[PDB]
Each structure stands twice: as C-alpha cells, then as structure tokens.
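Observations on the three-dimensional arrangement
What follows is each chain in one-letter form.
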4 protein chains.
Amino acid sequence: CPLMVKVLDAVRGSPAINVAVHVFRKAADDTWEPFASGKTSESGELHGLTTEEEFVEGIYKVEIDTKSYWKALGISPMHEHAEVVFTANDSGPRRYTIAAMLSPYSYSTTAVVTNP
Amino acid sequence: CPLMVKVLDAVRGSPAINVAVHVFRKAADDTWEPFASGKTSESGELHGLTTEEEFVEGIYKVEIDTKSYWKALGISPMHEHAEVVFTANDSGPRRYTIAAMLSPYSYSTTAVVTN
Amino acid sequence: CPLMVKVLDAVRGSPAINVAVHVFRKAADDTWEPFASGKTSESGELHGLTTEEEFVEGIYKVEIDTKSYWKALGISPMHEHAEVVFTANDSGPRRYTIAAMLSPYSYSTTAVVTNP
Amino acid sequence: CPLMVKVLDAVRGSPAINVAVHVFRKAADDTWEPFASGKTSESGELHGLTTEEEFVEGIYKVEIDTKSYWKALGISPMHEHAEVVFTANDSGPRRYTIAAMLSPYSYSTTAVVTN
Ligand SMILES: [Zn+2]
Ligand SMILES: [Zn+2]
Ligand SMILES: [Zn+2]
Ligand SMILES: [Zn+2]
Ligand SMILES: [Zn+2]
Ligand SMILES: [Zn+2]
Ligand SMILES: [Zn+2]
Ligand SMILES: [Zn+2]
Ligand SMILES: [Zn+2]
Ligand SMILES: [Zn+2]
Ligand SMILES: [Zn+2]
Ligand SMILES: [Zn+2]
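Note on numbering: positions run from 1 along each chain as its sequence is written and may not match the entry's numbering; residues without coordinates are not listed. Both sets of labels track the order of writing: A upward for chains, 1 upward for ligands. Values shown for side chains rest on all heavy atoms present in the structure; no hydrogens or waters enter the calculation.

- Per the deposited record, the coordinates in this entry were obtained by X-ray crystallography to a resolution of 1.780 Å.

**Concerning the nonpolar core**
- Each nonpolar core is a collection of buried residues, namely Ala, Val, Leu, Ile, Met, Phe, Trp, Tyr and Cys, held together in the definition by side-chain atoms within 4.5 Å. Categorising residues by exposure relies on relative accessible area from a 1.4 Å probe, with only protein chains included: less than 20% of the type maximum marks a residue as buried, more than 50% marks it as exposed, and the intermediate range marks it as partly exposed. In terms of nonpolar packing, the biggest core is built from 121 residues, with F86 of chain A, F86 of chain B, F86 of chain C together with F86 of chain D touching the most fellow members.
- Contacts: residue pairs with any heavy atoms within 4.5 Å of one another. Beyond its immediate chain neighbours, meaning those up to four positions away, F86 of chain A contacts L3, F55, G58, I59, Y60, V62, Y96 and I98 of chain A together with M78 and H79 of chain B.
- One finds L8 of chain B together with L8, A99 and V112 of chain C within the second-largest nonpolar core, a separate group that totals 7 residues.

**Details of the UniProt feature "binding site: L-thyroxine" in chain A**
- Here the UniProt feature "binding site: L-thyroxine" sits at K6, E45 and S108 of chain A.
- A run of DSSP states H or I qualifies as a helix once it reaches four residues; a run of E qualifies as a strand once it reaches two. Both are numbered from the N-terminal end. Assignment of secondary structure puts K6 of chain A in strand β1 (residues 3-9).
- Each residue touching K6 of chain A, except ones within four places of it in the same chain, is listed here: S43, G44, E45, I98, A99 and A100 of chain A.
- Assignment of secondary structure puts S108 of chain A in strand β9 (residues 106-114).
- Overall, the relative accessible area of 6% leaves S108 of chain A in the buried class.
- Residues contacting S108 of chain A, with those up to four places away along its chain left out, are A99, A100 and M101 of chain A, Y107 and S108 of chain B, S108 of chain C together with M101 and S108 of chain D. UniProt positions are given in the numbering used here, feature names are shortened, and annotations may be inferred rather than shown by experiment.

**Observations regarding the packing of aromatic side chains**
- Between the rings of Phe, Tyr and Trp (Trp by its six-membered ring), a pair exists once the centres lie within 6.5 Å; its type follows the angle of the planes, with under 30 degrees stacked, over 60 edge-to-face, and the other angles tilted. Enumeration according to the criterion identifies 28 aromatic pairs over all chains in this entry.
- Their ring planes at 75° and their centres at 5.2 Å tell us that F35 of chain B and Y60 of chain B sit as a pair that is edge-to-face. You can see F35 of chain B sitting in strand β4 (residues 32-39) and its partner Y60 of chain B sitting in strand β6 (residues 58-65), a full 25 residues away along the chain.
- Against the face of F24 of chain A rests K61 of chain A, its NZ or CZ located 5.2 Å from the ring centre.
- Either the NZ atom of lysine or the CZ atom of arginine qualifies as a charge over a ring when it sits within 6 Å of the ring centre and within 35 degrees of the ring normal. Over the face of the ring belonging to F24 of chain D we find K61 of chain D, whose NZ or CZ atom lies 5.0 Å from the ring centre.

**Here's the deal with the interface of chain C and chain D**
- Contacts between the two partners involve 18 residues from chain C, matched on the other side by 18 residues from chain D.
- As used here, buried area is the combined drop in accessible area, with a 1.4 Å probe, of two parts when they are placed together. Across the interface of chain C and chain D, roughly 1,600 Å² is buried in total on both sides, 48% from carbon and sulfur atoms.
- By convention in these notes, a salt bridge is any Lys or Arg side-chain nitrogen within 4 Å of a carboxyl oxygen on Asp or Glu. One can count 0 salt bridges joining chain C with chain D.
- In protein, a polar contact means a hydrogen-donor-capable atom and an acceptor-capable atom, both N or O and within 3.5 Å, with residues adjacent in sequence counting only if both atoms are side-chain atoms; elsewhere, any N or O pair within 3.5 Å suffices. For the interface between chain C and chain D, the tally reads 14 residue pairs in polar contact.
- Counting residues per element, the ones that place at least two in the side of chain C that touches chain D are β7 (81-88) and β9 (106-114) of chain C.
- Any residue that is not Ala, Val, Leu, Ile, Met, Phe, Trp, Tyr, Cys, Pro, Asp, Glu, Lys or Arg is counted as polar, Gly included; the first ten are nonpolar and the last four charged. Each residue belonging to the side of chain C that touches chain D can be placed in one class, and the counts come to 9 nonpolar, 7 polar and 2 charged.
- Two elements, β9 of chain C and strand β9 (residues 106-114) of chain D, share 5 bridges in a ladder whose sense is antiparallel. By this definition, two strands are paired if DSSP reports at least two bridges between them.

**Here we look at the sheet that holds strand β3 (residues 20-26) of chain D**
Residues and elements named next belong to chain D.
- Here we have 4 strands laid out as an open sheet, ordered β4-β3-β6-β7, and antiparallel in their pairing. The outermost strands of the open sheet, each flanked by one partner alone, are β4 (32-39) and β7 (81-88). On average, each strand axis in the sheet is tilted by 20° relative to the strand beside it, whichever way the strands run. The axes are straight lines fitted to the C-alpha atoms, using for helices just the contacting stretch, and the angles between their N-to-C directions are given from 0 to 180°.

What follows is the structure, encoded as structure tokens:
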C-alpha cells in the first residue's frame, strides 16, 4: 500500500477495531476534497485505500472517528475526531504509514515514510 | 486565561521559543475564520489570546508554525504546521490549556480542561 | 527548583492530584539509593525535592505511583508505576523538569533541561 | 510470539534498524536478571525472543540502546538507554507487543496485550 493507517487504544491496551476513517486532499479553492474511506481491521489496520497513480503530490488530512468509542467508559472526549495533516511527494515515489495512539484527552501520532 | 498554549522541543530538550501560533473557529460556511494570534515566550508559553466573552461554544483549531524550526538540524518535517482541533462543549465556561511536545515526524498533544 | 516533576491524566483531561512520587540515585554497588519523595499538588506539580548542593552528578530514576489511580475507571494498568531514567548535570549547573502524560497502557515523557 | 518489540525514529520518520534490545526479569534478590536479547530488523521489529514455557508471570524491563544512535545528528540524548517496565502475565498467558516512538529528550510507549 502507498498509504496505510494503524490505530491503537492506549486506555485498554488493544488494537482499536471497527473504527471509521476518512481521508481528504486539499484542492485548488482551498476546500478538503473526499479521497478514500473505510473501517479498521481486527489488528487496528486499514489497508487498500489508494493506488500508486491515484496518490498524486499534494496535502492530505486523516480523520479517525472517536465520538462514541469511549462511551462504555463513561467519558466524552476532547473532539469528535482525532486528526493529522501531512504534505506528500514534493520529492518522488514514497510509501506512508500513519500510526496513532489514542486516549480521550491526548494522542501521539507518527508518519513513517519509506522509499521503495 | 480562558485559553493558553504551551510548546516543547522534544529533539533538544527545551521550550520552543518565539514560534508563531494562529487560532481559528469553524464559521457558518464551514471554513476556518481567524480568531486570535501571538508568539510563544522564553518559557514556551502564550497567554492573553482571548476573553471570557469572545470565547463562546464551538469548534476551534490551533496551528503552530514549524516550516523552518528544524532547518539548523538539516531535516524538513512531515508538514509546515502542527495542528490540534478541540470542541468547546457545555454549559458553562471552562479554562483550556493545549500542550504540544514536537518532533519533525511525530507529535503528542494533551488538552487540560478545568472547572 | 533544581528538579521539578509534573504529572497529567490523559484519560480525563486534568492535572493528576495527590499522586505519590519516589526519586532514586545510582550507587557504586549498582543499587538504587533513595534520594527524595512526596505527593503532587492541585496543579499536578511537585516542588521542593532537593537543593543545588545535594543534586550531584549521577544517574537518577523517577517512579510515579499508578496502581489504583484508575481503579474508579474499572481498569488495571500495565504496571504499578510509570518510571523514567535520566543522566544528570554534565557541565555546570542545569535545572530539570520531568513532564509525564499518563494512561493505563501508554505514556509520553519529556526532559526539559535549562541553563540558569 | 509471546513477546515482540518494535522501535520507530520520530526525528527522521523511519523504522530504527539494527538497534540492540536487552530484556531482564526482577529476581529473588531484587536485582535485574538477564532474560533475552537481539537486534531490530529492517522493519524496526524484534521477533523470536522467548517461548511460551520460559515466559512466566513476573516483572520485566525492556532496555533499548540509544547512546550513539543520534551522533550523526550532533545531539547527545537524555540517557544512554530508553527503558519500559511492565507486569506480566498478571494474567496468564497473553501475547505482548511493546511499541516505542523515540526522540533524544522524549519518548512515547504503548503495551498491546491480546488473548
Ligand atoms: Zn497494506
Ligand atoms: Zn466519520
Ligand atoms: Zn474534526
Ligand atoms: Zn495565562
Ligand atoms: Zn500559522
Ligand atoms: Zn497545515
Ligand atoms: Zn519549583
Ligand atoms: Zn510508591
Ligand atoms: Zn516499577
Ligand atoms: Zn548493548
Ligand atoms: Zn513474531
Ligand atoms: Zn539505563
């Protein structure tokens, strides 16, 4: 995969499973145009988002749905999504994995970028 | 302070000094409206952004400028900004501190909400 | 303070208040020797640990007590403590702030080192 | 694998490759006893450390060598190791993955435990 997203639950120490994810690309007029979407697997991973020729140079946003993921805990989180923005391929053929560790009021994200 | 932002440099182990911060609020037409701005102090802190009256319920984005902060290192980061989005909910005015610990390809943020 | 410790609760979005903290210094025989202790304030901070004179060069461990901090949440955490190790003062005086963002199965810790 | 370790470089945005990992268990006399060791692969992952029979309930420390890892950056880190301590199985038996995202003056670590 040119783009893969992986999500972990830092409260229970488990993959975050069946969670919705939306991907956008910034367009000419400055709006976020819809690019790809899905739900995470049993390992907290979402594979198969895009193709090598669809994944053109530009700026991308990843939105992970969190509103009710912690409902069973009794806590409402800081926002309805966890989100990251990244700039891609100003420089060539590269593959990206976006990794997120999530809690209701805190998260850590990392972009791992490799040249095949 | 209804809203304070504090920024740490996780590569050199120090406050991030003199870095630009812009804050926005989501508007009627779904675009981001300019809300408040300033630059961090000697301690990495930014006070005085807004007032209890201007800071109504809604959805807010904090943008921290990182385009050149890493140059002397010889590394260009994952993106020209670090961005945090939060919802200010109920009833009921709260005070917010947004803390961000920054590296070129990673970041950890935390929102602390009191009252 | 030559040494200050600050603790945040990443699950509830609050300072972590009334939490026990232990500090140790490495000895010759390679055992950790007790060096200072206390409980955090209403701001999640612990001030007054040591003096400039007592805070000599060496290797230090900070232990934050977490066993039952999240009991009211229904979760047992990954360990009875969150711990950090650091190497101190190599040239001239330096002041340290150890900051920790805590959840049951994850944490983020940062050392901020400043020249007075 | 009953125990897997994975290491990421948060400064360059890549897996941490060929880095040394030593694992210990808290012994009778309260000292750390050597338990298992290895080096990370091209993916930043370390598999094959132990067996279901050897990995009994107890307290374990994972030590990641970082002394010379950012020398080429020009910075000396907060300490010569990154360390995680966890209690097992507590449980038992579960499978553990310890993930660490590393910078010179910071780190983030997460234990994922499955049955
Ligand atoms: Zn894939
Ligand atoms: Zn959604
Ligand atoms: Zn959002
Ligand atoms: Zn203030
Ligand atoms: Zn800006
Ligand atoms: Zn941006
Ligand atoms: Zn103090
Ligand atoms: Zn204790
Ligand atoms: Zn311990
Ligand atoms: Zn070694
Ligand atoms: Zn394996
Ligand atoms: Zn060590």
